[PDB]
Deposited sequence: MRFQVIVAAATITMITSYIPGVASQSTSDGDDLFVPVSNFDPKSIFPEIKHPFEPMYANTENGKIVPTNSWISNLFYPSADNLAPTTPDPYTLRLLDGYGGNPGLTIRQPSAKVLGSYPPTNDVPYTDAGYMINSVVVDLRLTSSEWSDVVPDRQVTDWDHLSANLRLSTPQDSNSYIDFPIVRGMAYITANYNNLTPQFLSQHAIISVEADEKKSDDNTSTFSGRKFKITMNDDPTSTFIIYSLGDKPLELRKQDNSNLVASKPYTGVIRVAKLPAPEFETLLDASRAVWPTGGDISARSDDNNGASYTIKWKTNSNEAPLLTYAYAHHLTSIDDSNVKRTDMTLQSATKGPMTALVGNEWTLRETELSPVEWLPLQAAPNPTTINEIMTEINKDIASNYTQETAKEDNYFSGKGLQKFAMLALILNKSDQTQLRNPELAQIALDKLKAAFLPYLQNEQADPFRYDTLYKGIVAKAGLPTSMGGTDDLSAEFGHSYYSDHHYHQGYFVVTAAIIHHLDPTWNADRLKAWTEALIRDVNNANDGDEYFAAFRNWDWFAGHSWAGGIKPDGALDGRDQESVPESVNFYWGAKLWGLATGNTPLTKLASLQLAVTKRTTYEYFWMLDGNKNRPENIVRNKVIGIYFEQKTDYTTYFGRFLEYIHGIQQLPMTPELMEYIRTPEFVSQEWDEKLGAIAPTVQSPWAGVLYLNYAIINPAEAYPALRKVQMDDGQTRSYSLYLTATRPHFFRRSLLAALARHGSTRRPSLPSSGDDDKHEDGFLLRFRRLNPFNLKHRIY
């Protein structure tokens, strides 16, 4: 087919944006290797110190922590959460139908690999290599660097692999080790089945795969200690049930070291992506835990499903797959482009629409798009961009008015130009340390910043780039599609740099980190960037529709430029996005990935690697929580991402009971969502309710009047 991991461009962003070097540097990165540190990846906590060494790294189904200081010697700590704690906030009328408010994973030390040589010392640490799907973490004795353990940490791994080099294995737990079967016969051999007194019972199997066998001694209720330094690989795996023991034994010799991802489009309107797992050897089968969405989209013709499951941190049960390669297919790409699928409104609404569209174009674009920050500014531009788009495709929308179409396009251009030109209130800088673009606002005073990292929503520390830049890309592509010659060079360069910051698919584009905001294993985007202090719960994502908005923009930029691989790339990602959204974030009845009483919530809230919280970053009101999952409403969100089956379920459980009471512009959001399933009733209400600062009344009514069952 057609290869999707290509560069978008190779243009030098130093030609558009002033240059900087990010002030906040990784701490533990191997300087000598010439790989870019990811700012929004599930590996990212590894590059940084954190409060009490508690920040987690979650390949899943294992949670890892490094050098946390509890039941003795410091090492690699394992938590494999069979169960989870639920919790609520004191009940409110602001949150009417809710008992379950959050799901967390207890920070407990199921087991920990370390050594005796580290009783009286803290190990040095370094991430020696990494890729999209793995990182290698070395722990060595201080000023004895030849005395180390290497931890190849890989997405989905079924065991933890420790390569001990001249260091004396020590295993410990918070729990009592209530028995030790060595070689299924002080304890000796190459296999060690240990059982904990925790609940559910944890069983691990330790395997030594070096030259010599291990000899271990119970030093305390939770310490097994080797008899002399070991050199060679140890592995430990959780035994999920008695019947998978042969399974873990057979695959003990083979461990993952990383992985290669490619992706192609398939002539019959589909695309796919392949993870080629990298391993130490092919001498036994590769066991790899998969997420739910993996199961529903993998090409079975090359894996074997097992029944061996373990819970992940926040995604539901994981199921182990046997096989070296995974090809994940998305066969139903979005057909959405610029307009809704039914492009022309119910005609008896056209007069109303035009009237409204004329009041809206009379708005002051500068004052509605030159806001305190980039985020709300971008909201403003995309909203008017929509108006310029429907007037200038009157061919399809049947909204003819040459003179207003021209105005709607000109006023947009004049609004958008200061951004094109990087003269907005919070301009960008090209960052040469992490290879992306950052807003100036949150940088130090000594670089023109406010010295406040939380400024512009964390964007200076790489939070929210898909959210913020999605707005500018949709606006850029809309402009470029309606006027391909207006500032064409500068427009391409700039727009493509923003795209590249978020979603560079190819690292021969060496100006930008690859897939800054996108995670090929989880099948979704991460919002949360660098957190100086530590990301105690890993990556977070709030808004799904601001992620969707970005890839929509990217697709639109593909259409606007005739860029096929880009257009398909963006489509594949919107498919995988759809699939993960329904698996983990917008819960249809029948969802196995969450407790019954979180599913009743209908939306996950703020999603993290180690928790879920039913709340927002900006107020605990029902309509905020659900509202953020409903803007920007665009043809992508409307036609393709938010299904009628989901809108209906969400309406009936929570929202139809509070929406007629809401007086803030949150009404406007809500009833535009409601139009998805009942535009007859939504329309009258959108005639009168308030608009979110990124919604217009004309577009709200036009969209509503295009629902084909109006």
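Engineer: Map the modelled residues onto the deposited sequence and report the uncovered stretches in sequence order.
Structural biologist: Several stretches lack coordinates - namely 1-29, 215-221, 747-796, in sequence order.
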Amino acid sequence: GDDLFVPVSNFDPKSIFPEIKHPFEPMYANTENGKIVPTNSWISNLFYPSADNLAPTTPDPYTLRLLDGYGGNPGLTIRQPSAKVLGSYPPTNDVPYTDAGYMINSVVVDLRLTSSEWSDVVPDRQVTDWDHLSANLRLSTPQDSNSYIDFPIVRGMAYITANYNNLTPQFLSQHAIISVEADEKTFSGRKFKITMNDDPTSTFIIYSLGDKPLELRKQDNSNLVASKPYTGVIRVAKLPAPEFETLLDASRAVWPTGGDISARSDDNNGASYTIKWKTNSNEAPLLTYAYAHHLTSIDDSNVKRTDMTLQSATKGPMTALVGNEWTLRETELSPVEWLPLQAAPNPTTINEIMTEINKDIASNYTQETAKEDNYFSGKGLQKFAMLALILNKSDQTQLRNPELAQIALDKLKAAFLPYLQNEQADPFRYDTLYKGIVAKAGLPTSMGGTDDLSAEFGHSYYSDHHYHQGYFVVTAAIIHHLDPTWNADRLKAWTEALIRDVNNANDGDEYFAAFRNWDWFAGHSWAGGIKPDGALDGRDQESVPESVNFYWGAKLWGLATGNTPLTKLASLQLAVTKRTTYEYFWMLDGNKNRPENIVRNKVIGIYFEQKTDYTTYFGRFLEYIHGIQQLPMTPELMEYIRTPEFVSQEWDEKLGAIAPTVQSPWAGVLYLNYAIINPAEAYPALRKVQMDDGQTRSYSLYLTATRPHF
From here on, numbers count along this sequence of modelled residues.
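Engineer: Name the higher of the two by mean Cα B-factor in the PDB entry, 57-65 versus 43-51.
Structural biologist: Here the higher of the two C-alpha B-factor means belongs to 43-51.
Engineer: If you average the Cα B factors in the entry, which is higher, 386-394 or 151-159?
Structural biologist: Comparing 151-159 with 386-394, the higher average CA B-factor belongs to 386-394.
Engineer: Sorting 246, 612, 406, 223 by Cα temperature factor from the record, which one lands on top?
Structural biologist: Checking the PDB record, the top C-alpha B-factor among 246, 612, 406, 223 is at 223.
Engineer: Kindly indicate the residue among 235, 600, 555, 594 with the greatest C-alpha B-factor in the PDB record.
Structural biologist: Comparing C-alpha B-factors across 235, 600, 555, 594, the top value belongs to 600.
Engineer: Taking the values exactly as deposited, rank residue 605 by C-alpha B-factor within its chain and report the matching third: lowest, middle or highest.
Structural biologist: Lowest third.
Engineer: Please say which third, lowest, middle or highest, residue 583 falls into when its CA temperature factor is compared across its chain.
Structural biologist: Its C-alpha B-factor, which the entry lists for residue 583, ranks in the lowest third among residues of this chain.
Engineer: Sort the modelled residues of this chain by their C-alpha B factor and say whether residue 110 lands in the lowest, middle or highest third.
Structural biologist: For residue 110, the deposited C-alpha B-factor lands in the middle third.
Engineer: Lowest, middle or highest third: where is residue 293 by Cα B-factor in its chain?
Structural biologist: For residue 293, whose C-alpha B-factor we compare with every modelled residue in the chain, the answer is the lowest third.
Engineer: Could you say whether, by C-alpha temperature factor, residue 24 belongs to the lowest, middle or highest third of its chain?
Structural biologist: Answer is highest: the recorded C-alpha B-factor places it there.
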